[PDB]
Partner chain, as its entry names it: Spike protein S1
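Only one chain comes next, encoded as structure tokens, the form deposited without the partner chain.
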């Protein structure tokens, strides 16, 4: 997170660090005790198998994510219509073997409901352990930044992303740059407050550079993916019911 600030305990209780080979690779958003919303580019082959992935919740610092605090991922579900190249439908779901114990440090984000009537430039928040500067390294402390939604019509301008923002994609940040998501915030929460409830509006998908002018952050539209999320969670509940 470029342009942001060190996150406080419980500020983003949904934010999860997803690890492969004992290092942070992607962020995630706890939506249920066992389900995590992340990006589909995060779990592209060879990381499509759940065994590589361990989830760390309620820990703000990457160095405090020790052996024994991780939650092993049991199931990785990439969006069926995810395109590696356009990164359209860049949403994935990670189930955890061990359900997460919800507290004030670990808590779910609300899945967006139809009819949120969000503002064209809705103040949203982006959290993650990603780079604090472009081409930079994974951050130690969980960072977060206020970002405003950029209407897709404005984000699809030739001077911004030139028709590369699909309906399964939402733009957030600032057209001046300075404050954006970056390497390692992938799959992380683009969340807004409404009705004193935080809503997962997007998962960190892509963007050209980090915090560059006219190059904002592009997030997978979780609203468009809610049906797929509900279907995948219900199917898992039905399958393990047996």
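Positions refer to the first chain, counted from 1.
One more form of this protein should be noted, the form solved in complex with the partner chain, which is absent from this view; the next part is about it.
A.B. asks: Taking any heavy atom pair closer than or equal to 4.5 Å as contact, tell me whether residue 105 reaches the partner chain in the bound PDB entry.
C.D. replies: It does: once the partner chain is placed as it appears in the bound PDB entry, residue 105 has a heavy atom within 4.5 Å of it.
A.B. asks: Consider residue 214 of the chain shown here, and say whether it contacts the partner chain in the bound PDB entry, taking contact as heavy atoms within 4.5 Å.
C.D. replies: Outside the cut-off, so no.
A.B. asks: Can residue 119 be called a contact residue for the partner chain in the bound PDB entry at 4.5 Å between heavy atoms?
C.D. replies: Contact with the partner chain, no.
A.B. asks: Please run the contact check for residue 101 against the partner chain in the bound PDB entry: heavy atoms, 4.5 angstroms, yes or no?
C.D. replies: Looking in the bound PDB entry, residue contacts with the partner chain include residue 101, since a heavy atom lies within 4.5 Å.
A.B. asks: Taking only heavy atoms into account, state which residues of 17-33 are within 4.5 Å of the partner chain in the bound PDB entry, ordered by sequence.
C.D. replies: Result: empty, none.
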